[PDB]
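These notes are about the structure you will find just below.
As a convention, Cβ positions derive from the backbone with ideal geometry for all residues, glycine included, and neighbour counts pool all protein chains shown. Read-outs throughout are calculated quantities, based only on the coordinates presented, and are distinct from any laboratory measurement.
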Amino acid sequence: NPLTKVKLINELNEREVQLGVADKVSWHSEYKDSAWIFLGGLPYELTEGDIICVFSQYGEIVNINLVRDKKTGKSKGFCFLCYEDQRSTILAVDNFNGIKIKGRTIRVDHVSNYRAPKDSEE
Amino acid sequence: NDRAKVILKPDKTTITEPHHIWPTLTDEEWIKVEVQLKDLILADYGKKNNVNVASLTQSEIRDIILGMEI
Amino acid sequence: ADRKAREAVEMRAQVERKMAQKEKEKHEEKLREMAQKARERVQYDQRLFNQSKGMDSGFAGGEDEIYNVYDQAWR
Amino acid sequence: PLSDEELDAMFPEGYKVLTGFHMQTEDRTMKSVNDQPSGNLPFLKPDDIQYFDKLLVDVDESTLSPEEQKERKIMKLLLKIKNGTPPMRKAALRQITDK
Amino acid sequence: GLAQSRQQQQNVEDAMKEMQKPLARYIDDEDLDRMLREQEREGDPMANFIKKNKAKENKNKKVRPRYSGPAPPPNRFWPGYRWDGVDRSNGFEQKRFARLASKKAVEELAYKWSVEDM
Amino acid sequence: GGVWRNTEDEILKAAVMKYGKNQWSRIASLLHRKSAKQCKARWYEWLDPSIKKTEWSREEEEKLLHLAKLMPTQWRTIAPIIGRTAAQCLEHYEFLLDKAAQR
Amino acid sequence: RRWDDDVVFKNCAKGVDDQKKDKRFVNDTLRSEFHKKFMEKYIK
Amino acid sequence: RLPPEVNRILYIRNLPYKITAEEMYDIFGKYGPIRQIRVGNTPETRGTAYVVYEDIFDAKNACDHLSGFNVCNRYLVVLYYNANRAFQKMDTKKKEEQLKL
Amino acid sequence: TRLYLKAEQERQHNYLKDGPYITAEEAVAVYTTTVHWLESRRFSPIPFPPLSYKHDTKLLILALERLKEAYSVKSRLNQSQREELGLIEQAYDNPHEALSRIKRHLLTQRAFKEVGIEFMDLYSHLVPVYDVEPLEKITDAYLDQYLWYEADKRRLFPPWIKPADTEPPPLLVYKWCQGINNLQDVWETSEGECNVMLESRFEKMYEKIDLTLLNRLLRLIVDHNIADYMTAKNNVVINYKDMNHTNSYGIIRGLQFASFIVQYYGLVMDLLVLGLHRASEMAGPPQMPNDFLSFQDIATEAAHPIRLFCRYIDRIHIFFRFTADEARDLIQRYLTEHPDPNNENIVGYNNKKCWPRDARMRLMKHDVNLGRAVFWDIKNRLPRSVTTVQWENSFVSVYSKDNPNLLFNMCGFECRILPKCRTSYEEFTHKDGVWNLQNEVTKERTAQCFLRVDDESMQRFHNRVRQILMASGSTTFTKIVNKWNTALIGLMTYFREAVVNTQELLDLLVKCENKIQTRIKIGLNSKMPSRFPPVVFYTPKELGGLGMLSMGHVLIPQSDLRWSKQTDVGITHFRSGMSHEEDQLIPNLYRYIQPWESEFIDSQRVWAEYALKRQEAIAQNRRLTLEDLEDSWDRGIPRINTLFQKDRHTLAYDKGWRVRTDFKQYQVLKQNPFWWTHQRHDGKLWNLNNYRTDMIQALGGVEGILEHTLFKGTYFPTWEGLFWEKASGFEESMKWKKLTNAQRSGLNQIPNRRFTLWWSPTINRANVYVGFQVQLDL
Amino acid sequence: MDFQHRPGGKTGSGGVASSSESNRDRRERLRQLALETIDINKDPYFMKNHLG
RNA sequence: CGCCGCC
Ligand SMILES: [Mg+2]
């Protein structure tokens, strides 16, 4: 459940590469007009700069957003990233989904709305 | 005239030889150019009459693309 | 002839190895006691690859009936 | 990380702890040892020679022979079922269900 | 945040190719006989006659400094690789490049196979 | 595979008794697995009535152990000379006698 | 001399071992020299 | 790198009968530190051994580059043993905290 | 075949009762010489392959591909080759089962079964065809893919053992002719120094190999347990209709590993010929081996007159350069034994009127005595028991002050060198198959190597197209035009530059192309001038039609017939070739085929640039993206797109091919027109792809569309989405039916009549003869 | 066409039979073979029963 | 300096 969504977003790309879906309609055409991507399952040792260092491989992230908690916490586990280009988000959701950093396996998906301060999946 | 003029030179290096009057480009980019020219014409019709483009049958798209009186 | 070859071959083998222990080991002292202060000191792109599979000939057997010419299509 | 108590808890019995040059070869001492066992049975893959290792040697059933080779004639049967032709499959399978 | 920049770029090159240029460019054109005279065109002995060495200025999109010279992996969308993109991935760009090259090879075999007894 | 069980050996004996020697397609026409090549191969390799398929003598063994030293391989050249002549009966003799001269 | 004294067969010493002029006539037709030259010219 | 390859073990088949004690110590301490060896007693298992290390990379050194290596004149085949069983589950161990850490 | 097989069992029977033809001393000498050569080479012998051998599946896959290649047509036989490919695919689906069966077969089985013999009727030529039963064929194809890899890894074979994996024309010139003008002062001739090439065959080398000596020789280099295998397969009962005879003396060369046996025995025969000191000077010290004709340290080149040596499979080419007193010694040592002056109207160019008389060898008494003397000296030091070097099928030619002109035939096609220093005016060297040679130590051009096609090569081509005319009764029209094509591309992509100069072959192509033109026309019962226009033939099959690659419409040249045989005269009076003059101008095939010396000069610069940009991209840290395409990605003689292919890692182990390909003429009967390359290792050596488009524009794009029934093809309006038959001519296992006789071997009438339907307006035109016409009923 | 050298066949042929009729004829043929061999051996104990 | 035409 917390990382079978990793398997589901991977099965998306594996079924597209199985069926041979052209890139005009290869599901990233719905998450156009949004350079934002939801990270998931980061370890709590990850600062803003380390996340920029790992996810800047496909472009320098313009707008990061960690969910640092209000007073008692320091980090909850998400992050939102807004790159230069939307195709960097396509590259990042294909390539950085299911990689694992210091134990826990992380996941990436598109956002398509905005920086939601807390809605998404803990 | 404007956007069809810029379509027919799809590269920065799309020379025409002097004894020809249309550009010289391969057949792959001929069908690419023909697709974006028919999308130009259909978009101009859909903007002119405020009609949804994908609502049209292919006989209707035929009649627009040869300019039949509709 | 086999036995009068093999022994001879093996004989030369011993004496070659014997000169080894007389040459290189000797040079070892010439390499150990260095009398000047002995111890008193391509990324190939993935897009090139796999563009042609095969392991056959292409000139299939020698069958001269089967339209080998013109590697790529017409229209 | 192990200790010797877990180590002999792990292993089965029947075991005890304790340039270049040209010359020639000679006629050997017949380095023609068996690698596939003594019969028609099936072929053995290189991973199955731990499970069916005891079939590569012939028992000649005496002096290593309690009733236990009768209870590892089933080793021959599992090999015939797992890797065999389907007549050998249904023969060994009927034989193992009937006994 | 940069797709809009390239939309501005394609609209300004659109403006210059539309409002002033005629429909056809010939071989002369007074612009492509600048580009032939400004090509790299490797195999020039006079290259190090005029250049000192392959040095680095502030050569970047923004005035912020660009990434250094290790090799970023080829990734189908040519990136603004910067701030330490050292090759961690699930291995998908290599996967799809091998996949499409295998497609382009098996069509080359499918032609030969299809055309045999004709 | 060429397994050659008994119920085709005896039918091959009957067929060679009926049809003849240089006529093998006509007797491979009644065996349901075998071709004429395999019929020739067995009837000269195992079923020939001249084959002395037992009785290892003492004269032929002292013959072959310095006949298979003259030409060291080649058990089809020295098979008619020995006359044990199955060309693998010779190889059986030679490997058995070089086991018994080793033990 | 002084050119090929390391070769093995320093002389075969004879060409045909006497000479080559026969014009003889075997009529056993597989052994006739006409059939020998025929069956070394064409098959190889 | 390589999880799904069982190590600290190495099955040894087609090993000579003249192995008194020493030659397995030779070949298997040649590549690194050893835990021990298992020497068979049944004339099947006589001529077939186990060797266990304290290192993984030494077992990789052995099985990557001793496959079909010819020795005293019968070439041996190496594999990785499969640990699957036991005979006695060990019980009443204390193994208390005892302030070691 | 009756006559060969009974002569062969007479000679196998007379091997046994007449003893070995080789003496005890005569074989101990060969054996001692090989152990001296091998221990001077430090050649570690081949081990028997372990079952856990690393590069082992990678060789079984090569053997199965090299065997599965022989089945691409599928009218295949009742059991024998269906069970052969059944064995191949069972070896595929379980490689380790077959790979254990090979080791079991290969330690312990040495009594094998029948092999059958047939003969290719090559029309003045018969080659045997040996078929082995397939369960052995898998094991010995693994064995030669192992031994060739394992002996080129350890470099058993010296550089002169050809064909190596260069190519056959770099063997012919740009290693060889470049090798014979880069010697130290090749032509000097002011101290009587004279060059001479010898060219001969080791005669009957395949038969005169006794398996006893062979077994004792090739267990110096191989594990003994498969030396016994390799000499135990070599005697099995050959078979025919009735005629079982055993083998004992000759080897049967239909065995898969016969290339290894023939060339290792050729190695020991070479170091009988060269001696052993010159052979170690040529092959160089083992710590730094030599290339094909390069040496170390040209003082080593200066001594021992045999300068260079290249042995193709059973055929030696020696170049020895004598100073005058040594040639004097050798001539008078020849003349101690042979009286009778002017016995010299025989040597070489006396009947071989391929070159003009000034270009032929002059038969001056010193040069003819020298040539026959050095043939006498290479005819011995090679005993009659192992091979022989016959005089008649051999050929020796000599350069001196009386002979300006060094002639020789190499590796298929015959050439001659005329140096620049001995022509009055410079012979042109910039026109045709003429390519010039240059002394690379001083960068200037020095010689001219004029090329021609051999006489026996155009004889082999003419008998090739003669048998396609002979099997014209059993195939369709499109198959024999397809077969004429593959024969022509076989001739012309190999003899590239040399087909231009050889006038007698350009007459032959015009003669043969028109003869298959006529053979198709008599199948329609037509032969008529305008009832069958040349639009029908030269239109590619993609539109339809037959599609045949012209070389006849070429305007074959002439010269003055009186002075033709005398002297290279020049050119006058073009003679019209094929009989078509209406200004259609059908394109030649030669202009779409990139010439040879252009191809080698592309190869040098492309591999230089490729090594240059490899060390550039390692000097930087970038990646090679498409800077491997300025060379079109397919220049270079091993063709840069060959490194970057799907099976680089296994075709690194297909080693010792190009000799295996040549030895497959003693296996499957299809005479291979492309024996010298195959696409996977040295690329596609020709891209004739715009011959089709230039043919369209030589005839029109609506060319035959005026003649083909397109207008009632249908209302097909467009003609460009047109597409032909696709449907199941392969027809994998068809629906595996019973096929009486005439439906098994007869010719398929239906493509033959849909082609005839397709051109029905121009095959049935109303006004050629306007007399009798017959209307069908209804 | 070679009307002389094509692999011939006769009109109205009916063709070569399928596997069932062919091996049924093989079993009848083999029956006649074994019957005549035991007739030559003059075996008095061979009996064929009411069902073949 | 210009083969060829089929029952
Ligand atoms: Mg008839």
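Residue by residue, here is whether (1) among the hydrophobic types (A, V, I, L, M, F, W, C); (2) in a loop (DSSP other than H, G, I, E, B); (3) more than 14 Å from chain I (Cβ to nearest Cβ); (4) more than 16 Å from the ligand (Cβ to nearest atom) holds:
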position	(1), (2), (3), (4)
J:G9	no, yes, no, no
J:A17	yes, yes, no, yes
J:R24	no, no, yes, yes
J:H50	no, yes, yes, yes
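Please tell me if C:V15 is assigned to a helix (DSSP H, G or I), among the aliphatic types (A, V, I, L, M) and touching an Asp or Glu at 6+ places or on another chain (Cβ under 6 Å). Quick ask: steps written out before the conclusion?
Details: assigned to a helix (DSSP H, G or I): yes; among the aliphatic types (A, V, I, L, M): yes; touching an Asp or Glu at 6+ places or on another chain (Cβ under 6 Å): no.
For C:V15, the condition - assigned to a helix (DSSP H, G or I), among the aliphatic types (A, V, I, L, M) and touching an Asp or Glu at 6+ places or on another chain (Cβ under 6 Å) - is not met.
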Report summary line: Sole miss for I:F43 among (1) hydrophobic (A, V, I, L, M, F, W, C); (2) over 16 Å from D:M23 (Cβ atoms); (3) within 32 Å of the chain's Cα centre (by Cα); (4) at the interface with another protein chain (Cβ under 10 Å from one of its Cβ atoms) is condition (2)
Query - Which listed residue is acidic (D, E) and closer than 23 Å to J:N41 by Cα, from F:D48, F:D98 - result: F:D48
Query raised in the report: If you check I:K521 against the conditions, is it part of a helix (DSSP H, G or I), within 12 Å of RNA strand K (Cβ to nearest atom), charged (D, E, K, R) and over 22 Å from I:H708 (Cβ atoms)?
Result: no
Query raised in the report: Picking from I:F537, I:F495, I:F532, I:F477, which residue would you name as being touching a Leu at 6+ places or on another chain (Cβ under 9 Å), away from the ligand (no atom under 16 Å from the Cβ) and within 26 Å of I:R416 (Cβ to Cβ)?
Result: I:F495
Query raised in the report: Counting only residues that are closer than 30 Å to F:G1 by Cα and in contact with a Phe, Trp or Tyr (Cβ under 7 Å, 6 or more places away or on another chain), which one in the stretch D:1-44 is surrounded by the most Cβ atoms within 10 Å (Cβ to Cβ)?
Result: D:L44
Query raised in the report: In this structure, is I:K479 more than 24 Å from I:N672 (Cα to Cα) and not in a loop (DSSP other than H, G, I, E, B)?
Result: no
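Do we have any residue at all in the stretch I:480-487 that's among the basic types (K, R), away from the ligand (no atom under 16 Å from the Cβ) and over 19 Å from I:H580 (Cα atoms)? Before the answer, list the steps.
Residues of the stretch I:480-487 among the basic types (K, R): I:483.
Add one more test, that the residue is away from the ligand (no atom under 16 Å from the Cβ), and what stays is I:483.
Keeping just the survivors that are over 19 Å from I:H580 (Cα atoms) gives I:483.
Among the residues of the stretch I:480-487, at least one is among the basic types (K, R), away from the ligand (no atom under 16 Å from the Cβ) and over 19 Å from I:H580 (Cα atoms), which makes the answer yes.
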Query raised in the report: So which residues in the stretch F:41-58 are among the small types (G, A, S) and under 16 Å from I:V237 (Cβ atoms), if there are any at all?
Result: F:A41
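Please find, among I:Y592, I:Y610, the residue that is more than 30 Å from E:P72 (Cα to Cα) and either away from RNA strand K (no atom under 16 Å from the Cβ) or polar (S, T, N, Q) (or both).
Numbers: I:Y610 fails: more than 30 Å from E:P72 (Cα to Cα).
Exactly one residue qualifies, and that residue is I:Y592.
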Query raised in the report: On the given criteria, is H:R38 in a loop (DSSP other than H, G, I, E, B) and of a type outside the set (A, V, I, L, M, F, W, C)?
Result: no
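Given the stretch I:162-258, what helices (runs of 4 or more DSSP H) lie entirely inside it while holding 3 or more residues that are out of contact with any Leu (no Cβ under 9 Å at 6 or more places or on another chain)?
Numbers: elements: I:177-181, I:211-217, I:224-232.
In the stretch I:162-258, I:211-217 are the helices (runs of 4 or more DSSP H) which contain 3 or more residues that are out of contact with any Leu (no Cβ under 9 Å at 6 or more places or on another chain).
Could you tell me whether I:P533 is more than 14 Å from chain J (Cβ to nearest Cβ), outside any helix (DSSP H, G or I), within 16 Å of RNA strand K (Cβ to nearest atom) and at negative phi? Full working, then the answer.
Numbers: more than 14 Å from chain J (Cβ to nearest Cβ): yes; outside any helix (DSSP H, G or I): yes; within 16 Å of RNA strand K (Cβ to nearest atom): yes; at negative phi: yes.
Judged against the criteria, I:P533 is a match.
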**Report entry** When residues of the stretch G:1-39 are limited to those that are under 30 Å from I:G275 (Cα atoms) and of a type in the set (D, E), the one farthest from the other protein chains (Cβ to nearest Cβ)
**Finding:** G:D18
Query raised in the report: (1) within 15 Å of RNA strand K (Cβ to nearest atom); (2) touching a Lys or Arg at 6+ places or on another chain (Cβ under 7 Å); (3) polar (S, T, N, Q): which one isn't true of I:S579, the others all being true?
Result: (2)
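For residues that are of a type in the set (V, I, T) and surrounded by 22 or more Cβ atoms within 10 Å (Cβ to Cβ), scanning just the stretch I:521-552, find the one that is farthest from I:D694 (Cα to Cα). Steps first, answer last, please.
Start the filter on the stretch I:521-552 by keeping residues that are of a type in the set (V, I, T), which leaves I:522, I:535-536, I:539.
From what is left, the residues that are surrounded by 22 or more Cβ atoms within 10 Å (Cβ to Cβ) are I:536, I:539.
Working: I:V536: 16, I:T539: 10 Å.
If we take residues in the stretch I:521-552 being of a type in the set (V, I, T) and surrounded by 22 or more Cβ atoms within 10 Å (Cβ to Cβ), then I:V536 is farthest from I:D694 (Cα to Cα).
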Requested in this report: Exactly one condition in (1) aliphatic (A, V, I, L, M); (2) within 14 Å of chain F (Cβ to nearest Cβ); (3) surrounded by fewer than 22 Cβ atoms within 10 Å (Cβ to Cβ) is not met by I:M205; state its number.
Outcome: (2)
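Do you know which of the residues in the stretch C:7-50 that are within 14 Å of chain E (Cβ to nearest Cβ) and not hydrophobic (A, V, I, L, M, F, W, C) is farthest from D:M23 (Cα to Cα)? Please lay out each step first, then the result.
In the first step, residues of the stretch C:7-50 are kept if they are within 14 Å of chain E (Cβ to nearest Cβ); the result is C:42-50.
Those still in the list that are not hydrophobic (A, V, I, L, M, F, W, C) too: C:43-47, C:50.
On the way: C:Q43: 43, C:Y44: 43, C:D45: 46, C:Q46: 46, C:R47: 48, C:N50: 44 Å.
Only one residue fits best here, namely C:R47.
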Query raised in the report: Taking the stretch A:9-47, which residues are surrounded by fewer than 16 Cβ atoms within 10 Å (Cβ to Cβ) and within 30 Å of A:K74 (Cβ to Cβ)?
Result: A:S34, A:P43, A:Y44, A:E45, A:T47
Report task. Mind listing just one residue for me: the one in the stretch J:1-31 that is closer than 27 Å to F:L31 by Cα and loosely packed, with under 10 Cβ neighbours inside 10 Å and, of those, nearest to RNA strand K (Cβ to nearest atom)? Result -> J:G14
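I:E513: more than 14 Å from chain C (Cβ to nearest Cβ), outside any loop (DSSP other than H, G, I, E, B), away from RNA strand K (no atom under 16 Å from the Cβ) and not small (G, A, S), yes or no?
Numbers: more than 14 Å from chain C (Cβ to nearest Cβ): yes; outside any loop (DSSP other than H, G, I, E, B): yes; away from RNA strand K (no atom under 16 Å from the Cβ): no; not small (G, A, S): yes.
Considered against the rule, which asks whether it is more than 14 Å from chain C (Cβ to nearest Cβ), outside any loop (DSSP other than H, G, I, E, B), away from RNA strand K (no atom under 16 Å from the Cβ) and not small (G, A, S), I:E513 comes out as no.
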Report summary line: Restricted to the stretch I:364-380 and to residues being closer than 15 Å to I:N403 by Cα and surrounded by 19 or more Cβ atoms within 10 Å (Cβ to Cβ), the residue nearest to the chain's Cα centre (by Cα) is I:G371
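It is to be established whether one or more residues within the stretch H:84-99 are in contact with a strand residue (DSSP E or B) (Cβ under 7 Å, 6 or more places away or on another chain) and either among the β-branched types (V, I, T) or away from chain I (no Cβ under 14 Å) (or both). Before you say what the answer is, go through the steps one by one.
Our first condition is that a residue be in contact with a strand residue (DSSP E or B) (Cβ under 7 Å, 6 or more places away or on another chain); within the stretch H:84-99, this holds for none.
No, the stretch H:84-99 contains no residue that is in contact with a strand residue (DSSP E or B) (Cβ under 7 Å, 6 or more places away or on another chain) and either among the β-branched types (V, I, T) or away from chain I (no Cβ under 14 Å) (or both).
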Requested in this report: Pick out the one residue from A:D69, A:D94, A:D119 that is within 14 Å of chain E (Cβ to nearest Cβ) and either outside any strand (DSSP E or B) or at negative phi (or both).
Outcome: A:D94
Report summary line: The residue that is surrounded by the most Cβ atoms within 10 Å (Cβ to Cβ), considering only those in the stretch H:23-45 that are among the charged types (D, E, K, R) and facing chain D (nearest Cβ under 9 Å), is H:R38
